[PDB]
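**Q** Structure in structure tokens, see below.
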Amino acid sequence: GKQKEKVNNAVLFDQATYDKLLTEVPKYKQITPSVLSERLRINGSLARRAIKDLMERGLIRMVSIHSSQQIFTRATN
Amino acid sequence: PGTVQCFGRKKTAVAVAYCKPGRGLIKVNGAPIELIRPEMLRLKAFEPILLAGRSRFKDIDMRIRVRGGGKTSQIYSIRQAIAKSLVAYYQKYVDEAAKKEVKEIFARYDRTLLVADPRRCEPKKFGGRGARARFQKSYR
Amino acid sequence: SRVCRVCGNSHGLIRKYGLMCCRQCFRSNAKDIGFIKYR
Amino acid sequence: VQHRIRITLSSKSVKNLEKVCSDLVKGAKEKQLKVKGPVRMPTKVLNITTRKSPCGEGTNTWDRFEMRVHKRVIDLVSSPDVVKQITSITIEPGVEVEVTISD
Amino acid sequence: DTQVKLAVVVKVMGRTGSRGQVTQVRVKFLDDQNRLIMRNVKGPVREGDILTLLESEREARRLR
Amino acid sequence: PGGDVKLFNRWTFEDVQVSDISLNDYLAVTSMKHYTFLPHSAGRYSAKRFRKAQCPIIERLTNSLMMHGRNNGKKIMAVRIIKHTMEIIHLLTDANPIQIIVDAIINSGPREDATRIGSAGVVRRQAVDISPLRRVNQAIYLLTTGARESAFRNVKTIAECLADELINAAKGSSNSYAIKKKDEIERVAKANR
Amino acid sequence: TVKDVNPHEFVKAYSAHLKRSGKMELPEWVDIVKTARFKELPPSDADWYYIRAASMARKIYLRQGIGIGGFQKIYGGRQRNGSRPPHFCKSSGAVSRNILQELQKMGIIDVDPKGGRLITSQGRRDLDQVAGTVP
Amino acid sequence: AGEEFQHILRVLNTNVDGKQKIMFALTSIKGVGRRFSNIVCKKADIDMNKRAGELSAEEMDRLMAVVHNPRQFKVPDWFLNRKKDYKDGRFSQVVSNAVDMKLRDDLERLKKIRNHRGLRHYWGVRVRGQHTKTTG
RNA sequence: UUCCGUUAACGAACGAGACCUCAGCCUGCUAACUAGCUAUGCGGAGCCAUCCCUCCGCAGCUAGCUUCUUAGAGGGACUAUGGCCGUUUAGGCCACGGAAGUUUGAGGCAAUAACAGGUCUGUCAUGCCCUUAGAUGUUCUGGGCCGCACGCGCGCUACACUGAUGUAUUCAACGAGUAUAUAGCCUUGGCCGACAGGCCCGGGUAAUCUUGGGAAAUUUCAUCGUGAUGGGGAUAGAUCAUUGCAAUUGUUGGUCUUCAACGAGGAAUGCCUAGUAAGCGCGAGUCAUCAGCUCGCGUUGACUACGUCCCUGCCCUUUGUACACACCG
Ligand SMILES: [Mg+2]
Ligand SMILES: [Mg+2]
Ligand SMILES: [Mg+2]
Ligand SMILES: [Mg+2]
Ligand SMILES: [Mg+2]
Ligand SMILES: [Mg+2]
Ligand SMILES: [Mg+2]
Ligand SMILES: [Mg+2]
Ligand SMILES: [Mg+2]
Ligand SMILES: [Mg+2]
Ligand SMILES: [Mg+2]
Ligand SMILES: [Mg+2]
Ligand SMILES: [Zn+2]
């Protein structure tokens, strides 16, 4: 995916990952990582490693940030 | 009357634990063992603790110091030093049958806690860059 | 401008420790200098 | 009147050297001086590696030459003339001694 | 439809192969413990090893 | 038995069951002496024959990541990758990822192979069996290389690549490099039977 | 204390501390330099002149008699010479010089006779307080 | 939020791409590299986490000013790439198209002069004292 | 060709082994203010603060200190112990113990006979020839050894996300340092400078000062997100300083810019069996400066095998030979 080049295109910053895509992407197992799903939602990284930051202040999922910036996902609890 | 100062060794890292009959405290170079800093090799440091348990440490303080070596060498030297320091403290100040349980808990999991590892970086011989390899060889 | 103390040639010198002798003269006289070859 | 003196003592051979070390320690302790030693000080390893060929043909073969220089130091508390009363005993070949007057 | 069958290596007879790389062993069958067959085995194999075995009625011959 | 020993303190070794009684001996997960907290150990292995058969299976999978030159010699990175893969396996299947590791190694070890025997004076390749230790060797190697190349020049990173290969090889689907190479070797050997 | 605090979070906390605990002078070349010859870009953080100072604070904390060259060496790194083999390369002098001069100007550290930089007692007070105020 | 997100900006006759960071899109100009892009971003005081495409018009004017008149920003003489000219003797940053012209002026001096280096270029082989048995 | 044993042989001489060096074990001995613990005495800072407790600083008639460091003497392993195989001989495989059970690991040294192997360019080592003043002698100047259509060899850097970049974090070993004149070889410390590098006080002929080597890889947090991109650093321009009596065919090192090929490499081929391969840095040699090399050193640290004579070769015996400059016959 062209997912940091596409960062400013208004679709992403308007509705795509604002619990419209990565609300259901976690739901396959009810927890499927953002870094795992970097390609299941084909969208690559850093338009994704920033939207994870957005979703953490949006308070919808838990976070696990570690060595190679391996970050994770959890849908609702 | 407790005071033991026992060491453990790796490639070149040497770890020395000097003790007091204290309360629970464990420090490496003044930094708590909690701040041992390979944070993936942070298990092996606690592992002699985690096998014996804090209950075998409510009466001891360990101002363990480590010099020379690398990183993982120093961590494994920690492991050996604290294991042998606990065994020696128990043997000389608790009971030999009491230390025998520590002996067996440690040795059942692994022998390398208590026995130094005689491996060293063996020297490099001419005719190559490397202690056992050679240069790539050309005929034509 | 610098040669062996021994043969007075201009290559293969051993400057270290101030010998001022070449690699050939040095071996030729090495055992009496005292460079016991333990290994 | 009773001053502090250093003796430093080096060599090439351990077997030769230790005989001198036992020599001076017993020389002092026959006359009850205040001595401390013989401090053993880490061995210098002089080394020169040379291509053992003289022309540079055949498989590259190096040989490693080494001297081992051994350093010993002893402190005595006595007057320097009392020191010269000791250090006129026989000194073994090859060993070097460099008595100096310190603080 | 062969059902993969099991054996234990009772002794390692030898080490055949052009490059000496196929152990030749003598296996005993678990499911009926009177069938003993000489087979070829590759890699490190010691006594008492259990081997899965896709096809059973092939056997090797001494110093194959 | 005595098993209050969890690797990384959080993935209980207990209640793991190996299907193959063949690989039961050579998988270091069952005995109370094979449990370890970390898949890093400065083990004096390979100093004797078969001594690696008692290496912890997680450690003996860890050593196989650190390959291809730029990665030779760094086990800290390897164990970091193992930790992340192991937690992501849990975060998908919510089941013992140790059992996932073991079951994958069971289900991706070639049981037959065609090598280069000569007999009667004439040499040509034929089918032979696979001793369980070499079963495990090829399983480890052949699961690992799939992750390596499937993550090469790929934004998906190695922890999730290897997690995908493990989950799917253990599940049994032929969507992993590992189990794809398995039946290829199996079919070459079956043809050459 | 600071030996009890995780070495990174103490640096973060002190970096914020020498921002909000008063202020000082600061050179007008900070947003230019690479802080080392082998580096390739200037630090990606804006208050790098402050995280640097937080680190160099605890260096004189836990070690004494450190000169400018000791910091040059400690803050060097790997220099990739291009097609040449890489080496070890010492860091820059002026950046560490002005960190030490800034900390001296707040009296946290000071130049010792016989040479080197040593902490002062009230700087010790400050570092221990900020260490204690960390989780 | 790219209501006017631009895919190529086209400053300085290079088609600077409007899809990568401004940090490393301004490097596409032939005469401004990785470091000098950063120093321009700093001195023109533009937000840093900003992909080209989202950026505003007044600040392309600011970049214009700071790239053709950098010195007035008290920037030292030693980011500049034409230190101590001998055509005239000033300190300037050459920009995209003019860099080839400046290089031709250099080599064209060398041609008129019969400098060893000028010939060596005209001859085509390596100019800096390098071997040429086995390379090139 | 190690031994048992057989035995027209007997008794021997080398090589092997034995020997020496390094490394690994010793809470056993000798000691060590040029090594380092340990305790107390004050100091500094955190604190139920008043003491205590944690971490640092400094000093001693502190040790009924030498575990860590050093280096001497020693001790230790012998297959010693047990099982199995073996003429129950020589030995082998296994197991407890133990630091060590491929002679424990690695080297040093290393036999007879030979090569038309290399070296007359290491040598006041050299025979014969040539030269020997208008010199192939010696000294100086400038150039050359580096030239480039190209082919080959040893290597370095990579082709990236197991990554690059930028912060934070902190761990060794081997060694090295001429009167080097008016402080001078390693350079600590203060200052100026973005850098490069300058100035001043000095320390060390050295377990004393450098360095108690504050090395990198790696670790941690962010930046780049698969794009020949922020991988790559080839090429080339501008300029700055040091070494040098001299920098041009850029000695070197900086600064900005220039941003190539290279998508893991055909036929083939090399090195390697445990702290080994490989990755990572340091020191030494060369040196006025130049280290991609060579020799040492440590750091992180594996997969595979414990085999076979299939390929290349080696040793013994038998056999065949029209070979002996010996199958390149
Ligand atoms: Mg990846
Ligand atoms: Mg030997
Ligand atoms: Mg000859
Ligand atoms: Mg001349
Ligand atoms: Mg040449
Ligand atoms: Mg070579
Ligand atoms: Mg780059
Ligand atoms: Mg050099
Ligand atoms: Mg050379
Ligand atoms: Mg070959
Ligand atoms: Mg004939
Ligand atoms: Mg023929
Ligand atoms: Zn000579």
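Within each chain, counting starts at residue 1; across the structure tokens, chains are named A, B, ... in the order shown, with ligands numbered 1 upward in that order.
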Show me which residues are within 12 Å of ligand 8 counting only C-alpha atoms (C1' of nucleotides) and all ligand atoms, and format the list as a ChimeraX atom specification.
**A** /I:282-287,289-294
**Q** Just list the residues in range 70-193 of chain F DSSP gives strand (DSSP E or B) on the backbone, as a PDB file with N, CA and C atoms, in the first residue's frame.
**A**
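Result file result_35.pdb:
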ATOM      1  N   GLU F 112       9.997 -38.440   4.498  1.00  0.00           N
ATOM      2  CA  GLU F 112      10.655 -39.273   3.506  1.00  0.00           C
ATOM      3  C   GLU F 112      11.488 -38.362   2.620  1.00  0.00           C
ATOM      4  N   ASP F 113      12.606 -38.868   2.105  1.00  0.00           N
ATOM      5  CA  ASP F 113      13.440 -38.020   1.265  1.00  0.00           C
ATOM      6  C   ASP F 113      14.186 -38.861   0.243  1.00  0.00           C
ATOM      7  N   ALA F 114      14.447 -38.275  -0.919  1.00  0.00           N
ATOM      8  CA  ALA F 114      15.101 -38.975  -2.019  1.00  0.00           C
ATOM      9  C   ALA F 114      16.553 -38.524  -2.090  1.00  0.00           C
ATOM     10  N   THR F 115      17.470 -39.414  -1.734  1.00  0.00           N
ATOM     11  CA  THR F 115      18.897 -39.106  -1.788  1.00  0.00           C
ATOM     12  C   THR F 115      19.638 -40.138  -2.649  1.00  0.00           C
ATOM     13  N   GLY F 118      23.919 -45.562  -3.859  1.00  0.00           N
ATOM     14  CA  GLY F 118      24.338 -46.492  -4.896  1.00  0.00           C
ATOM     15  C   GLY F 118      24.431 -47.898  -4.347  1.00  0.00           C
ATOM     16  N   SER F 119      23.970 -48.860  -5.143  1.00  0.00           N
ATOM     17  CA  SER F 119      23.967 -50.261  -4.742  1.00  0.00           C
ATOM     18  C   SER F 119      24.336 -51.125  -5.939  1.00  0.00           C
ATOM     19  N   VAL F 122      25.891 -49.670  -8.978  1.00  0.00           N
ATOM     20  CA  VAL F 122      25.213 -48.662  -9.782  1.00  0.00           C
ATOM     21  C   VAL F 122      24.539 -47.678  -8.836  1.00  0.00           C
ATOM     22  N   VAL F 123      24.763 -46.384  -9.065  1.00  0.00           N
ATOM     23  CA  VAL F 123      24.306 -45.334  -8.162  1.00  0.00           C
ATOM     24  C   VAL F 123      23.151 -44.575  -8.802  1.00  0.00           C
ATOM     25  N   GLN F 126      17.214 -42.764  -4.574  1.00  0.00           N
ATOM     26  CA  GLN F 126      16.055 -43.517  -4.149  1.00  0.00           C
ATOM     27  C   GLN F 126      15.487 -42.864  -2.902  1.00  0.00           C
ATOM     28  N   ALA F 127      14.360 -43.400  -2.454  1.00  0.00           N
ATOM     29  CA  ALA F 127      13.667 -42.883  -1.288  1.00  0.00           C
ATOM     30  C   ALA F 127      14.156 -43.572  -0.026  1.00  0.00           C
ATOM     31  N   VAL F 128      14.353 -42.778   1.020  1.00  0.00           N
ATOM     32  CA  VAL F 128      14.767 -43.254   2.330  1.00  0.00           C
ATOM     33  C   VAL F 128      13.898 -42.567   3.373  1.00  0.00           C
ATOM     34  N   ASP F 129      13.980 -43.075   4.596  1.00  0.00           N
ATOM     35  CA  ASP F 129      13.243 -42.510   5.708  1.00  0.00           C
ATOM     36  C   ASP F 129      14.046 -41.387   6.356  1.00  0.00           C
ATOM     37  N   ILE F 130      13.433 -40.716   7.325  1.00  0.00           N
ATOM     38  CA  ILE F 130      14.012 -39.544   7.963  1.00  0.00           C
ATOM     39  C   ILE F 130      13.998 -39.762   9.463  1.00  0.00           C
TER      40      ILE F 130
END
**Q** Which neighbours of residue 154 in chain F fall inside 10 Å, counting only C-alpha atoms (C1' of nucleotides), when residues of the same chain fewer than 3 positions from it are skipped, and could you give them as a PDB file with N, CA and C atoms (P, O5', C5', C4', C3', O3' and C1' of nucleotides), in the first residue's frame?
**A**
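Ended up saving to result-v4.pdb:
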ATOM      1  N   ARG A  39      -0.911  -5.440   6.167  1.00  0.00           N
ATOM      2  CA  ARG A  39      -1.226  -5.904   4.822  1.00  0.00           C
ATOM      3  C   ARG A  39      -2.578  -6.595   4.686  1.00  0.00           C
ATOM      4  N   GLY A  44      -0.018   0.144   4.282  1.00  0.00           N
ATOM      5  CA  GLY A  44       1.266   0.017   4.942  1.00  0.00           C
ATOM      6  C   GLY A  44       1.434   0.958   6.118  1.00  0.00           C
TER       7      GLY A  44
ATOM      8  N   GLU F 149      12.357 -15.063   3.640  1.00  0.00           N
ATOM      9  CA  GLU F 149      12.169 -14.571   2.281  1.00  0.00           C
ATOM     10  C   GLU F 149      10.810 -13.921   2.078  1.00  0.00           C
ATOM     11  N   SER F 150       9.783 -14.341   2.816  1.00  0.00           N
ATOM     12  CA  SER F 150       8.481 -13.711   2.672  1.00  0.00           C
ATOM     13  C   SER F 150       8.435 -12.349   3.343  1.00  0.00           C
ATOM     14  N   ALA F 151       9.378 -12.057   4.236  1.00  0.00           N
ATOM     15  CA  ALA F 151       9.502 -10.727   4.808  1.00  0.00           C
ATOM     16  C   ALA F 151      10.576  -9.886   4.136  1.00  0.00           C
ATOM     17  N   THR F 157       6.640  -6.984   8.740  1.00  0.00           N
ATOM     18  CA  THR F 157       7.891  -7.242   9.426  1.00  0.00           C
ATOM     19  C   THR F 157       7.956  -8.662   9.991  1.00  0.00           C
ATOM     20  N   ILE F 158       9.180  -9.061  10.338  1.00  0.00           N
ATOM     21  CA  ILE F 158       9.511 -10.477  10.464  1.00  0.00           C
ATOM     22  C   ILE F 158       8.695 -11.153  11.553  1.00  0.00           C
ATOM     23  N   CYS F 161       5.470 -11.941   9.908  1.00  0.00           N
ATOM     24  CA  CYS F 161       5.663 -12.915   8.841  1.00  0.00           C
ATOM     25  C   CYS F 161       5.828 -14.319   9.414  1.00  0.00           C
TER      26      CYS F 161
ATOM     27  P     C I 161      14.907  -6.252   4.212  1.00  0.00           P
ATOM     28  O5'   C I 161      14.336  -5.350   5.382  1.00  0.00           O
ATOM     29  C5'   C I 161      14.832  -5.507   6.701  1.00  0.00           C
ATOM     30  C4'   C I 161      13.910  -4.888   7.711  1.00  0.00           C
ATOM     31  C3'   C I 161      12.459  -5.343   7.632  1.00  0.00           C
ATOM     32  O3'   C I 161      11.944  -5.520   8.948  1.00  0.00           O
ATOM     33  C1'   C I 161      12.582  -2.986   7.380  1.00  0.00           C
ATOM     34  P     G I 225       7.983   7.454   3.725  1.00  0.00           P
ATOM     35  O5'   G I 225       7.904   5.874   3.876  1.00  0.00           O
ATOM     36  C5'   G I 225       8.464   5.015   2.893  1.00  0.00           C
ATOM     37  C4'   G I 225       7.803   3.659   2.905  1.00  0.00           C
ATOM     38  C3'   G I 225       6.282   3.674   2.808  1.00  0.00           C
ATOM     39  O3'   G I 225       5.839   2.526   2.095  1.00  0.00           O
ATOM     40  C1'   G I 225       6.932   2.646   4.827  1.00  0.00           C
ATOM     41  P     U I 226       5.789   2.568   0.497  1.00  0.00           P
ATOM     42  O5'   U I 226       7.043   1.696   0.070  1.00  0.00           O
ATOM     43  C5'   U I 226       7.652   1.861  -1.200  1.00  0.00           C
ATOM     44  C4'   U I 226       8.101   0.536  -1.750  1.00  0.00           C
ATOM     45  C3'   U I 226       7.001  -0.515  -1.844  1.00  0.00           C
ATOM     46  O3'   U I 226       7.207  -1.391  -2.957  1.00  0.00           O
ATOM     47  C1'   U I 226       8.696  -1.262  -0.370  1.00  0.00           C
TER      48        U I 226
END
**Q** Taking only C-alpha atoms (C1' of nucleotides) and all ligand atoms and a cut-off of 10 Å, can you tell me which residues surround ligand 11, written as a list in words?
**A** residues 322, 323, 324, 326 and 329 of chain I
**Q** Could you give me, as an MDAnalysis selection string, the residues within 12 Å of residue 29 in chain B, counting only C-alpha atoms (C1' of nucleotides) and dropping anything in the same chain fewer than 2 positions from it?
**A** (chainID B and resid 15:18 26:27 31:33 35:36 62:67 78) or (chainID G and resid 3:4 62) or (chainID I and resid 55:56)
**Q** Once you count only C-alpha atoms (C1' of nucleotides) and all ligand atoms, which residues end up within 9 Å of ligand 3, and could you hand them over as JSON, numbers by chain?
**A** {"I": [115, 116, 117, 118]}
**Q** Take the residues just selected and output them with C-alpha atoms (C1' of nucleotides) as a PDB file, in the first residue's frame.
**A**
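Written file, part_4.pdb:
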ATOM      1  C1'   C I 115      63.367 -29.531  -5.857  1.00  0.00           C
ATOM      2  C1'   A I 116      68.007 -27.404 -10.822  1.00  0.00           C
ATOM      3  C1'   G I 117      61.221 -24.552  -5.763  1.00  0.00           C
ATOM      4  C1'   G I 118      62.351 -18.791  -4.227  1.00  0.00           C
TER       5        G I 118
END
**Q** Can you tell me which residues surround residue 30 in chain E at a distance of at most 10 Å, considering only C-alpha atoms (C1' of nucleotides), apart from same-chain residues fewer than 4 positions away, and format the answer as a PyMOL selection string?
**A** chain E and resi 5-8+34-36+50
**Q** Which residue is closest to chain C? Choose from I:20, I:25, I:99, I:120 and count only C-alpha atoms (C1' of nucleotides).
**A**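 Using only C-alpha atoms (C1' of nucleotides), chain C sits closest to I:20.
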**Q** Give the residue list for ligand 2 at 12 Å, counting only C-alpha atoms (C1' of nucleotides) and all ligand atoms, as an MDAnalysis selection string, sorted by chain and then by residue number.
**A** chainID I and resid 17:21 102:109
**Q** Okay, now the selection with N, CA and C atoms (P, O5', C5', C4', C3', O3' and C1' of nucleotides), as a PDB file, in the first residue's frame?
**A**
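Result file is out.pdb:
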ATOM      1  P     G I  17      53.585 -35.603  18.318  1.00  0.00           P
ATOM      2  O5'   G I  17      53.648 -36.473  19.644  1.00  0.00           O
ATOM      3  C5'   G I  17      52.554 -37.290  20.019  1.00  0.00           C
ATOM      4  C4'   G I  17      52.941 -38.242  21.116  1.00  0.00           C
ATOM      5  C3'   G I  17      53.472 -37.611  22.387  1.00  0.00           C
ATOM      6  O3'   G I  17      52.460 -37.106  23.239  1.00  0.00           O
ATOM      7  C1'   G I  17      54.903 -39.353  21.745  1.00  0.00           C
ATOM      8  P     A I  18      52.674 -35.705  23.996  1.00  0.00           P
ATOM      9  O5'   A I  18      53.950 -35.955  24.915  1.00  0.00           O
ATOM     10  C5'   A I  18      53.921 -36.910  25.965  1.00  0.00           C
ATOM     11  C4'   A I  18      55.309 -37.234  26.462  1.00  0.00           C
ATOM     12  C3'   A I  18      56.136 -36.058  26.937  1.00  0.00           C
ATOM     13  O3'   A I  18      55.792 -35.613  28.234  1.00  0.00           O
ATOM     14  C1'   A I  18      57.444 -37.347  25.495  1.00  0.00           C
ATOM     15  P     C I  19      55.443 -34.067  28.473  1.00  0.00           P
ATOM     16  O5'   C I  19      56.671 -33.295  27.837  1.00  0.00           O
ATOM     17  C5'   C I  19      57.955 -33.374  28.426  1.00  0.00           C
ATOM     18  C4'   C I  19      58.892 -32.399  27.776  1.00  0.00           C
ATOM     19  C3'   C I  19      58.421 -30.962  27.794  1.00  0.00           C
ATOM     20  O3'   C I  19      58.688 -30.318  29.024  1.00  0.00           O
ATOM     21  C1'   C I  19      59.089 -31.516  25.614  1.00  0.00           C
ATOM     22  P     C I  20      57.522 -29.519  29.779  1.00  0.00           P
ATOM     23  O5'   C I  20      57.689 -28.025  29.263  1.00  0.00           O
ATOM     24  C5'   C I  20      58.960 -27.398  29.227  1.00  0.00           C
ATOM     25  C4'   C I  20      58.984 -26.288  28.209  1.00  0.00           C
ATOM     26  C3'   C I  20      57.828 -25.308  28.285  1.00  0.00           C
ATOM     27  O3'   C I  20      58.009 -24.308  29.268  1.00  0.00           O
ATOM     28  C1'   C I  20      58.089 -26.012  26.058  1.00  0.00           C
ATOM     29  P     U I  21      56.733 -23.602  29.932  1.00  0.00           P
ATOM     30  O5'   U I  21      56.096 -22.763  28.743  1.00  0.00           O
ATOM     31  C5'   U I  21      56.722 -21.583  28.267  1.00  0.00           C
ATOM     32  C4'   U I  21      55.823 -20.842  27.313  1.00  0.00           C
ATOM     33  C3'   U I  21      54.414 -20.583  27.812  1.00  0.00           C
ATOM     34  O3'   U I  21      54.321 -19.465  28.670  1.00  0.00           O
ATOM     35  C1'   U I  21      54.315 -21.459  25.633  1.00  0.00           C
ATOM     36  P     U I 102      36.407 -37.390  25.495  1.00  0.00           P
ATOM     37  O5'   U I 102      37.443 -36.224  25.205  1.00  0.00           O
ATOM     38  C5'   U I 102      37.483 -35.590  23.934  1.00  0.00           C
ATOM     39  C4'   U I 102      38.396 -36.307  22.971  1.00  0.00           C
ATOM     40  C3'   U I 102      39.689 -35.570  22.643  1.00  0.00           C
ATOM     41  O3'   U I 102      40.734 -36.504  22.366  1.00  0.00           O
ATOM     42  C1'   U I 102      38.335 -35.732  20.693  1.00  0.00           C
ATOM     43  P     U I 103      41.457 -37.254  23.587  1.00  0.00           P
ATOM     44  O5'   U I 103      43.006 -37.257  23.227  1.00  0.00           O
ATOM     45  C5'   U I 103      43.857 -38.249  23.783  1.00  0.00           C
ATOM     46  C4'   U I 103      44.782 -37.702  24.845  1.00  0.00           C
ATOM     47  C3'   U I 103      44.408 -36.348  25.443  1.00  0.00           C
ATOM     48  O3'   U I 103      44.758 -36.319  26.827  1.00  0.00           O
ATOM     49  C1'   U I 103      46.549 -36.219  24.413  1.00  0.00           C
ATOM     50  P     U I 104      43.935 -35.410  27.873  1.00  0.00           P
ATOM     51  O5'   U I 104      43.111 -34.392  26.968  1.00  0.00           O
ATOM     52  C5'   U I 104      41.693 -34.391  27.005  1.00  0.00           C
ATOM     53  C4'   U I 104      41.107 -33.000  26.951  1.00  0.00           C
ATOM     54  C3'   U I 104      41.585 -32.078  25.846  1.00  0.00           C
ATOM     55  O3'   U I 104      41.038 -32.370  24.574  1.00  0.00           O
ATOM     56  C1'   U I 104      41.480 -30.881  27.865  1.00  0.00           C
ATOM     57  P     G I 105      41.816 -31.887  23.254  1.00  0.00           P
ATOM     58  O5'   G I 105      41.622 -30.313  23.242  1.00  0.00           O
ATOM     59  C5'   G I 105      40.376 -29.745  22.881  1.00  0.00           C
ATOM     60  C4'   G I 105      40.484 -28.254  22.720  1.00  0.00           C
ATOM     61  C3'   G I 105      41.577 -27.767  21.790  1.00  0.00           C
ATOM     62  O3'   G I 105      41.244 -27.861  20.420  1.00  0.00           O
ATOM     63  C1'   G I 105      41.677 -26.543  23.780  1.00  0.00           C
ATOM     64  P     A I 106      42.386 -28.226  19.354  1.00  0.00           P
ATOM     65  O5'   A I 106      43.261 -26.901  19.269  1.00  0.00           O
ATOM     66  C5'   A I 106      42.661 -25.671  18.900  1.00  0.00           C
ATOM     67  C4'   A I 106      43.623 -24.519  19.012  1.00  0.00           C
ATOM     68  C3'   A I 106      44.974 -24.713  18.354  1.00  0.00           C
ATOM     69  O3'   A I 106      44.935 -24.522  16.953  1.00  0.00           O
ATOM     70  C1'   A I 106      45.272 -23.789  20.501  1.00  0.00           C
ATOM     71  P     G I 107      46.156 -25.026  16.044  1.00  0.00           P
ATOM     72  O5'   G I 107      47.219 -23.855  16.156  1.00  0.00           O
ATOM     73  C5'   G I 107      48.592 -24.110  15.936  1.00  0.00           C
ATOM     74  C4'   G I 107      49.450 -23.253  16.826  1.00  0.00           C
ATOM     75  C3'   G I 107      50.944 -23.497  16.735  1.00  0.00           C
ATOM     76  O3'   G I 107      51.533 -22.829  15.639  1.00  0.00           O
ATOM     77  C1'   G I 107      50.292 -23.397  19.003  1.00  0.00           C
ATOM     78  P     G I 108      52.780 -23.483  14.880  1.00  0.00           P
ATOM     79  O5'   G I 108      53.948 -23.404  15.952  1.00  0.00           O
ATOM     80  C5'   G I 108      54.417 -22.149  16.412  1.00  0.00           C
ATOM     81  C4'   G I 108      55.518 -22.322  17.420  1.00  0.00           C
ATOM     82  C3'   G I 108      56.640 -23.244  16.995  1.00  0.00           C
ATOM     83  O3'   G I 108      57.581 -22.585  16.173  1.00  0.00           O
ATOM     84  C1'   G I 108      55.963 -23.774  19.196  1.00  0.00           C
ATOM     85  P     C I 109      58.005 -23.226  14.768  1.00  0.00           P
ATOM     86  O5'   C I 109      59.052 -24.342  15.186  1.00  0.00           O
ATOM     87  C5'   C I 109      60.077 -24.043  16.117  1.00  0.00           C
ATOM     88  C4'   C I 109      60.553 -25.284  16.825  1.00  0.00           C
ATOM     89  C3'   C I 109      60.887 -26.463  15.938  1.00  0.00           C
ATOM     90  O3'   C I 109      62.155 -26.340  15.323  1.00  0.00           O
ATOM     91  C1'   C I 109      59.610 -27.198  17.775  1.00  0.00           C
TER      92        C I 109
END
**Q** Restricting the calculation to only C-alpha atoms (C1' of nucleotides) and all ligand atoms: of I:211, I:139, I:123, I:30, which residue gets closest to ligand 13?
**A**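 Smallest separation from ligand 13 among the options: I:123.
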**Q** Select, from H:130, H:96, H:37, H:72, the residue with the minimum atom-to-atom distance to chain G, counting only C-alpha atoms.
**A**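 Among the listed residues, H:37 lies closest to chain G.
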**Q** If you run DSSP on this backbone, which residues of range 3-123 of chain H come out as alpha helix (DSSP H), and could you give them as a ChimeraX atom specification?
**A** /H:34-43,57-68,98-113,116-123
**Q** Would you pick out the contacts of range 78-92 of chain H at 12 Å or less, using only C-alpha atoms (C1' of nucleotides), so that residues sharing its chain but fewer than 6 positions from it are not included, and give the list as a PyMOL selection string?
**A** (chain G and resi 32-34) or (chain H and resi 30-40+66-72+98-99+102-103+105-106+108-109) or (chain I and resi 194-195+237-240+254-258)
**Q** Identify, on the basis of only C-alpha atoms (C1' of nucleotides), every residue whose closest approach to residue 34 in chain D does not exceed 10 Å; exclude the query and any residue fewer than 4 positions from it along the same chain; express the result as a PyMOL selection string.
**A** chain D and resi 4+28-29+75-78
**Q** Using only C-alpha atoms (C1' of nucleotides) and all ligand atoms, which residues have at least one atom no more than 8 Å from ligand 10? Output them as a ChimeraX atom specification.
**A** /I:269-270,312
**Q** Between F:1, F:111, F:46, F:190, which residue has the minimum interatomic distance to residue 33 in chain F, considering only C-alpha atoms?
**A**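 Among the listed residues, the smallest separation from residue 33 in chain F belongs to F:1.
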**Q** Chain D residues within 9 Å of chain C, counting only C-alpha atoms: which ones, as a list in words?
**A** residues 12, 46, 47, 48, 50, 51, 52, 53, 54, 55, 63, 64, 65, 66, 67 and 68 of chain D
**Q** Find the residues near ligand 4. Use a cut-off of 9 Å, count only C-alpha atoms (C1' of nucleotides) and all ligand atoms, and write them as a PDB file with C-alpha atoms (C1' of nucleotides), in the first residue's frame.
**A**
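And here is the file that came out, selection_7.pdb:
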ATOM      1  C1'   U I 139      75.392  12.638  -4.859  1.00  0.00           C
ATOM      2  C1'   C I 140      71.654  16.202  -6.739  1.00  0.00           C
ATOM      3  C1'   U I 141      67.226  17.959  -9.990  1.00  0.00           C
ATOM      4  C1'   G I 142      62.673  16.398 -12.536  1.00  0.00           C
TER       5        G I 142
END
